[PDB]
Amino acid sequence: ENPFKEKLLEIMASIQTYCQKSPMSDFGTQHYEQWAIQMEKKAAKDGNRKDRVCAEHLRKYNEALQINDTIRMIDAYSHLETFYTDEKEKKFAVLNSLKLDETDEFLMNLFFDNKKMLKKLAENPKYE
């Protein structure tokens, strides 16, 4: 049971807890991607920022699991690192809380608290 994949699954479960969602779709599937898209879409339509941003982030983790299955661990890690590095750049690069609310801080801290561990696992030839 690959520890890298297990860590990603645990993180998605933690995000689902935060936004109180519990879809029947399995993590890392196309059907999960579709659930997240609908939820993101309904959230934007209903002005629910927490749900919308959580759906967006869950999509990225779901895509990383799909990338892990079809390519390599390191492409999966990079998919997330790039997204979170960019989100960080978006948030703090230009300054006119600002764009950082409790949802944003929860999600970014969730990734960056696990970032070092994830990279260690993804760099390990044994689980590839």
# chains A, B, ... in the order shown; residues from 1 in each chain; ligands from 1
>>> residues_around(residues="stretch 92-109 of chain A", least_positions_apart="3", cutoff="10 Å", atoms="only C-alpha atoms", output="JSON list (two decimals) with N, CA, C and O atoms, in the first residue's frame")
[["chain", "number", "residue", "atom", "x", "y", "z"],
["A", 11, "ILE", "N", -5.48, 13.31, 2.96],
["A", 11, "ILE", "CA", -5.62, 14.76, 2.83],
["A", 11, "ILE", "C", -6.98, 15.13, 2.22],
["A", 11, "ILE", "O", -7.63, 16.08, 2.68],
["A", 14, "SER", "N", -9.59, 14.80, 4.77],
["A", 14, "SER", "CA", -9.53, 15.92, 5.70],
["A", 14, "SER", "C", -10.22, 17.16, 5.13],
["A", 14, "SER", "O", -10.89, 17.90, 5.85],
["A", 15, "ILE", "N", -10.06, 17.37, 3.83],
["A", 15, "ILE", "CA", -10.72, 18.50, 3.17],
["A", 15, "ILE", "C", -12.23, 18.30, 3.15],
["A", 15, "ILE", "O", -13.00, 19.22, 3.41],
["A", 18, "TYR", "N", -13.61, 19.21, 6.45],
["A", 18, "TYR", "CA", -13.67, 20.66, 6.64],
["A", 18, "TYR", "C", -14.90, 21.28, 5.99],
["A", 18, "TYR", "O", -15.55, 22.15, 6.57],
["A", 19, "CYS", "N", -15.22, 20.84, 4.77],
["A", 19, "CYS", "CA", -16.38, 21.37, 4.05],
["A", 19, "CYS", "C", -17.62, 20.49, 4.19],
["A", 19, "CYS", "O", -18.64, 20.72, 3.53],
["A", 49, "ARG", "N", -18.42, 30.40, -0.91],
["A", 49, "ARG", "CA", -17.00, 30.42, -1.24],
["A", 49, "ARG", "C", -16.24, 29.22, -0.68],
["A", 49, "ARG", "O", -15.37, 28.65, -1.35],
["A", 50, "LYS", "N", -16.55, 28.85, 0.56],
["A", 50, "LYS", "CA", -15.89, 27.71, 1.19],
["A", 50, "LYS", "C", -16.02, 26.45, 0.34],
["A", 50, "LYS", "O", -15.03, 25.81, 0.00],
["A", 51, "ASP", "N", -17.26, 26.11, 0.00],
["A", 51, "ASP", "CA", -17.53, 24.93, -0.82],
["A", 51, "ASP", "C", -16.86, 25.03, -2.20],
["A", 51, "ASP", "O", -16.31, 24.05, -2.69],
["A", 53, "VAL", "N", -14.13, 26.81, -3.21],
["A", 53, "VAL", "CA", -12.68, 26.71, -3.15],
["A", 53, "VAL", "C", -12.23, 25.31, -2.74],
["A", 53, "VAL", "O", -11.22, 24.81, -3.23],
["A", 54, "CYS", "N", -12.99, 24.68, -1.84],
["A", 54, "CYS", "CA", -12.69, 23.31, -1.43],
["A", 54, "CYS", "C", -12.82, 22.34, -2.61],
["A", 54, "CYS", "O", -12.00, 21.44, -2.77],
["A", 57, "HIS", "N", -9.82, 22.63, -4.89],
["A", 57, "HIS", "CA", -8.63, 21.99, -4.33],
["A", 57, "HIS", "C", -8.74, 20.46, -4.36],
["A", 57, "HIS", "O", -7.77, 19.76, -4.63],
["A", 58, "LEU", "N", -9.94, 19.95, -4.08],
["A", 58, "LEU", "CA", -10.18, 18.51, -4.14],
["A", 58, "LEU", "C", -9.96, 17.98, -5.56],
["A", 58, "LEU", "O", -9.48, 16.86, -5.74],
["A", 84, "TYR", "N", -0.20, 24.84, -5.62],
["A", 84, "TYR", "CA", -0.11, 25.55, -4.35],
["A", 84, "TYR", "C", 0.91, 26.68, -4.35],
["A", 84, "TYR", "O", 0.74, 27.68, -3.66],
["A", 85, "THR", "N", 1.98, 26.51, -5.12],
["A", 85, "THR", "CA", 2.94, 27.59, -5.29],
["A", 85, "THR", "C", 2.28, 28.75, -6.02],
["A", 85, "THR", "O", 2.49, 29.92, -5.69],
["A", 86, "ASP", "N", 1.45, 28.42, -7.01],
["A", 86, "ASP", "CA", 0.74, 29.44, -7.78],
["A", 86, "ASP", "C", -0.35, 30.14, -6.96],
["A", 86, "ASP", "O", -0.47, 31.37, -7.01],
["A", 87, "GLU", "N", -1.13, 29.37, -6.22],
["A", 87, "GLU", "CA", -2.13, 29.94, -5.32],
["A", 87, "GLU", "C", -1.47, 30.92, -4.35],
["A", 87, "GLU", "O", -2.01, 32.00, -4.09],
["A", 88, "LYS", "N", -0.31, 30.53, -3.83],
["A", 88, "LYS", "CA", 0.44, 31.38, -2.92],
["A", 88, "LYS", "C", 0.87, 32.66, -3.63],
["A", 88, "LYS", "O", 0.74, 33.76, -3.08],
["A", 89, "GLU", "N", 1.38, 32.52, -4.84],
["A", 89, "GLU", "CA", 1.78, 33.66, -5.65],
["A", 89, "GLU", "C", 0.60, 34.59, -5.90],
["A", 89, "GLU", "O", 0.71, 35.81, -5.76],
["A", 112, "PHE", "N", 1.16, 22.47, 2.76],
["A", 112, "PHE", "CA", 2.53, 22.82, 3.13],
["A", 112, "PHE", "C", 3.02, 22.11, 4.40],
["A", 112, "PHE", "O", 4.22, 21.97, 4.62],
["A", 113, "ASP", "N", 2.08, 21.66, 5.24],
["A", 113, "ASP", "CA", 2.44, 20.87, 6.41],
["A", 113, "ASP", "C", 2.85, 19.45, 6.00],
["A", 113, "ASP", "O", 3.59, 18.78, 6.71],
["A", 114, "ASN", "N", 2.36, 19.01, 4.84],
["A", 114, "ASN", "CA", 2.64, 17.66, 4.35],
["A", 114, "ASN", "C", 3.63, 17.65, 3.18],
["A", 114, "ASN", "O", 4.07, 16.59, 2.74],
["A", 115, "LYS", "N", 3.97, 18.84, 2.69],
["A", 115, "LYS", "CA", 4.78, 18.99, 1.49],
["A", 115, "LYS", "C", 6.10, 18.21, 1.56],
["A", 115, "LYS", "O", 6.42, 17.45, 0.64]]
>>> select_by_dssp(residues="chain A", states="alpha helix (DSSP H)", output="ChimeraX atom specification")
/A:3-18,30-46,49-70,73-93,102-122
>>> closest_atom_pairs(of="stretch 51-90 of chain A", to="stretch 4-9 of chain A", cutoff="9 Å", atoms="only C-alpha atoms", output="tab-separated table")
residue	atom	partner	partner_atom	distance
A:61	CA	A:8	CA	6.9
A:62	CA	A:8	CA	8.6
A:64	CA	A:8	CA	8.3
A:65	CA	A:5	CA	6.9
A:68	CA	A:5	CA	7.9
A:73	CA	A:4	CA	7.6
>>> write_last_selection(atoms="C-alpha atoms", output="CSV table (one decimal), in the first residue's frame")
chain,number,residue,atom,x,y,z
A,61,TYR,CA,-5.7,16.2,-5.4
A,62,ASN,CA,-8.0,13.9,-7.4
A,64,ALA,CA,-2.8,14.0,-8.7
A,65,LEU,CA,-4.1,10.6,-7.8
A,68,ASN,CA,0.1,8.9,-10.1
A,73,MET,CA,4.6,9.8,-8.3
>>> atom_distance(atom1="atom CA of residue A:55", atom2="atom CA of residue A:120")
26.5 Å
